[PDB]
Amino acid sequence: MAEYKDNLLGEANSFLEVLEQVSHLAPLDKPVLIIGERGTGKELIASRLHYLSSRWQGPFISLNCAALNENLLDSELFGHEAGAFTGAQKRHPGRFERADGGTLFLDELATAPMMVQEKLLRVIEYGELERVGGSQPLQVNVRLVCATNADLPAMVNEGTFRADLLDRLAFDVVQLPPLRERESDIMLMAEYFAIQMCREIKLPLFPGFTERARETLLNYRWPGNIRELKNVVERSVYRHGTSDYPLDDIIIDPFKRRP
Amino acid sequence: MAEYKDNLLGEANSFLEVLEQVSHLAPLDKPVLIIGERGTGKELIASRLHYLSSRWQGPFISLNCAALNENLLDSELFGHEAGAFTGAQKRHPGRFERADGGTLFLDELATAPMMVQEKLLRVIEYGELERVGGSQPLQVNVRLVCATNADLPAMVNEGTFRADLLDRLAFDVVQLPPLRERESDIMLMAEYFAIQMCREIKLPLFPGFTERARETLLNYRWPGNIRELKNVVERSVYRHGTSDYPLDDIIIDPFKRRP
Amino acid sequence: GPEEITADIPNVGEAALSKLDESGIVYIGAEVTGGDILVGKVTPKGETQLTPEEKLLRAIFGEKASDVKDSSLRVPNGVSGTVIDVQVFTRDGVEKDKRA
Amino acid sequence: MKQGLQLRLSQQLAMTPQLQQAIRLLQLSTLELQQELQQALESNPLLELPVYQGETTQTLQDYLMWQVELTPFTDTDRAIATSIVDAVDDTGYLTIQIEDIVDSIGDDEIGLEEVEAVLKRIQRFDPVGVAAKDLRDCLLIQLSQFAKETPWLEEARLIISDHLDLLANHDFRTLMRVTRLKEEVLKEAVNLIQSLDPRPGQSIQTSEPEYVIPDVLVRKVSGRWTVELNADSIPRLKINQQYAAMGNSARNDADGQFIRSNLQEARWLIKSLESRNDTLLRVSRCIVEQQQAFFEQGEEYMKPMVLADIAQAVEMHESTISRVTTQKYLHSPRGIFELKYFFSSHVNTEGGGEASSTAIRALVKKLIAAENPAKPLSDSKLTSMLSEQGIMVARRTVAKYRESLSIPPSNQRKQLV
Amino acid sequence: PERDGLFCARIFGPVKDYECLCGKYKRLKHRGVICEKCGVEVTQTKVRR
Amino acid sequence: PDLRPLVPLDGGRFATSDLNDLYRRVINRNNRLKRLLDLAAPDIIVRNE
DNA sequence: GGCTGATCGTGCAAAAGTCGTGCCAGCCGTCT
DNA sequence: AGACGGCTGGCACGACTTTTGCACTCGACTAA
Ligand SMILES: Nc1ncnc2c1ncn2[C@@H]1O[C@H](COP(=O)(O)OP(=O)(O)O)[C@@H](O)[C@H]1O
Ligand SMILES: Nc1ncnc2c1ncn2[C@@H]1O[C@H](COP(=O)(O)OP(=O)(O)O)[C@@H](O)[C@H]1O
Ligand SMILES: [Mg+2]
Ligand SMILES: [Mg+2]
């Protein structure tokens, strides 16, 4: 139960109010769902939520629906007991079993197989399950965290998502504020990124950003809300070279040629 | 096994009629099917029946159909002896072996592979089976339970499921009433929800709903049979966060965006 | 084995046991002279073989089988008086408490 | 790759062999381990009043000797009495035979008449029936000590004479048929014979405490059970710092090599000892986790335990568990019991219960203790009690447990109320 | 009594009785014989001092 | 050993003091030195013991 | 050659034992 | 007074346990 401000910025927008509302949900251990496009600090929000509880002392982990080997993912969810498969040297603890009593982050829920969806829904906050080659069931405690950049209601109407899984999940929905619409916080975020770069670049001082760069950023749609912003900041800092005068150019498309 | 109480908050003529039918069915050891929708009290009914039967001394064990890995589904069902495979170091007890003498509550009957149905077909009918490396089959006896929320006759017409498997499965199937079809007092059902929520949030006392709130709760699609009611109730309680005044406005749809 | 106070002391007359209560303590307010026994405690003895002599004795007498030795508490000689009160202390984990 | 259970491929050998040092460490030797450590420390040079009891209790041997000195007897008679006093059991019986005593005398003039006279003089001593070596003889002497005014004296003497067998089998009906005694009037005589103080020489023996030193101590005060080994009993070895600070400075190759070898051996031994201590602590913690359920359930309802079940709770092989369980003792608030005493067989019970053999035996003993003295509980009758318990058991094999508890036969246990 | 140490047998004399440590030859019949499994003179205890 | 009784204080431990502790120390020291004497110890060490 | 010296080394398995439970042969207590 | 009845008690085959008897060749060369 410490302050641990860490990466806290962009309070000018209603993201501050969103965080304030989430503060109430922080003591809660019910299902949690987050809504927002990629590059919206969603992992940062989840980390802040997990750290918020003193149960941050408990095992807080994250997971994304990256298939890798489907059988491997199934085992990791289930937990391979010793000798379950040919050549199994010892019992492999489950991914869920790794973090009990602490928060668990579930990501890429949109990019989750329907079979994987059913496997997850098997313990739909049921709290008890059985390991791969497990003799008896085990019950654990963990607050799951959900987030995606897709319209779950649409996919459910499309039938792409599991409606039972949707009901079992999303006791609360956290909609990410549009950083594309968060213009006031954009300047403060630029200042923070400049401070971080000065910490990293270790140059004499930050010459500044003039106003042409700000106007270009305003013109920029910023498809990458929080990630591409810092990346473009770093790219522009590098391209600017000398820091004699505030930089006015913007490194928009690295895929596009620099000239 | 004389007396047992568990949940059973739903008190409707249809709910009572189902309870009465189950009570007569409870002595029977013949397998039966539970039918309904998502969040339709499916888990509760199966557990109540399992405790109700004379196998109250016996072990009631459930199983999720889609949970099984195709790689070792046969070992999951029947089992293996030590040394049968390279990884076989012990006579792994079978799922039926674990339930031998008990009750098997198959979950997601529809959500299973066709090969799974083929494998499980004769064993249930014959009542005898053997694990991997077994000298002779064991003709254990155990009551069988399974459930699915879909129209099994529709699947059979589509051929999605083995007709013979369901045929030698449907001794007195059991269905559930919809939430819309649930004429039981929604306010009464949510009263226990409000009490438990006040306990969980450590609130002093339940502020209670309003007449307009009750009317709106009545005027609900209720696609989620029970959980949605529970989930929406919990969401409204969390949003209210105050026992100073009774609840009058309830948030249900997560799609809508607040101001 | 454990040492128990059950007032079942062998090789002693009932007259000495008259003043001792069920668990083996003396009743409050009783009077005592000389070296009379206060509390009847016994020490378990290591078991022996079939021991046809001992087996026969147990088949005849039994309920002792020389399993215990007289370790009761008695007054020192040349001391006389009466009991005011008694106190018993039992550690947790043991809940015999016959008359405690 | 993929998930599968194909059974044909190459592999490697099992765990590498010849771990003799580890094998010795796994076995627990208690003070023997301490003695071996002392011997090794003797081998390894780089490893590191006014108050007296003054008690002269007679133990009734000195009392018997004083009685012999205080009694008038011939020199041959005194020697015979001393020899008789030599062959006296702690219970108060003669260990050697009368013919054996005569042979040990080794005198032609010594005769069986003299031996009988000495025994009568030996019988003529306090307590009566000294070194009788015969229960009837000691009982006869004790009865002769008392006066004849007591009722049922001649009948008791007759019973002690040649009717001991019926009492041994508790054959009251057979005894009544043979001796033709008064029915139910013989009960008073039987009780009086029971009040004969068998083994009067047992009073000579004085209690001596049994010094039992436990290894692990458990408190579980206010819950929160925490297994703690006896720190005083925990061995501890020290490295010779002075010897350590003289290895590099040595200008002799042989001395330096010897110092290095001794240091390596000492380090290996210390590592083995620390590993053994850690493994023992882990095993104790796992057992206490298992025993906590057993302790809460109590001795009567103790759960069955398996060696493989405990080995699962740990990471070492079951061979290590078996070796550690050897010569293992621990202390608990309930009491001190061996580690191996925790394990017990699982008896199939009604509803599929698995019943601990030790717990089943304890419950059966408790039930048998609460039985009518006139009608002892039958082994077949114990099936009714087991059914009342709601747990299936082996009544036919229950006789084995009954004999294990040294429970006499129910027919043999029958006695007049 | 230990072996080849303080308060040991085969040294300082016999034990409390004429009985030998091995448990054999335990009687006054033996006066000066020494047992095989344990070397003990079958004599009185007072000689220990 | 008779003239130096064990004198058990708590019964569990005799704790022979002022008579055998010196004996024990000298005995173990001599055993260690004599065993080491057969192992050709360096002169400084053996002279120290 | 003759082993020869040495990182680094937390089972195991395999024949052996030992118990669980039942299963049959005798025996006395007894009352027909 | 001979037969049922439960005991008693050893013998048997499975079913869990268990103890001990097990160290390659290195990475140094090793050269005749
Ligand atoms: N309020 C904030 N203050 C500081 N940093 C932030 C804030 N919000 C988001 N960020 C940062 O922006 C980065 C990009 O966010 P994003 O790509 O959405 O992470 P993820 O995709 O893993 O959720 C994150 O690493 C996060 O640290
Ligand atoms: N009579 C009842 N009393 C209490 N709770 C009930 C009752 N009937 C249904 N429920 C609720 O319904 C839920 C179970 O729904 P279920 O049909 O098992 O879900 P699914 O459709 O995913 O299997 C439980 O959480 C339970 O609270
Ligand atoms: Mg994220
Ligand atoms: Mg459900």
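By the numbers in Swiss-Prot, the shown part of chain E spans 51-99.
Method on record in the header is electron microscopy, 6.8 Å.
Just so it is clear, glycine is given a Cβ too, placed from its N, Cα and C backbone atoms.
For reference, Swiss-Prot has these:
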- E:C70, E:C72, E:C85, E:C88: Zn(2+) 1 binding site (BINDING)
Please name the residue among the binding-site residues E:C70, E:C72, E:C85, E:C88 whose C-beta has the most neighbouring C-beta atoms within 10 angstroms. E:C70
Give the subset of the binding-site residues E:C70, E:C72, E:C85, E:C88 lying near ligand 2, defined as CB under 6 A from any of its atoms. none
Can you list, in sequence order, the residues of the same chain other than E:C70, E:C72, E:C85, E:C88 whose CB lies within 8 Å of the CB centroid of the Zn(2+) 1 site? E:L71, E:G73, E:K74, E:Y75, E:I84, E:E86, E:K87, E:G89, E:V90
Reduce the DSSP letter at E:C88 (Zn(2+) 1 binding site) to three states and note it down. coil
Translate the DSSP assignment of E:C72 (Zn(2+) 1 binding site) into the three-state scheme. coil
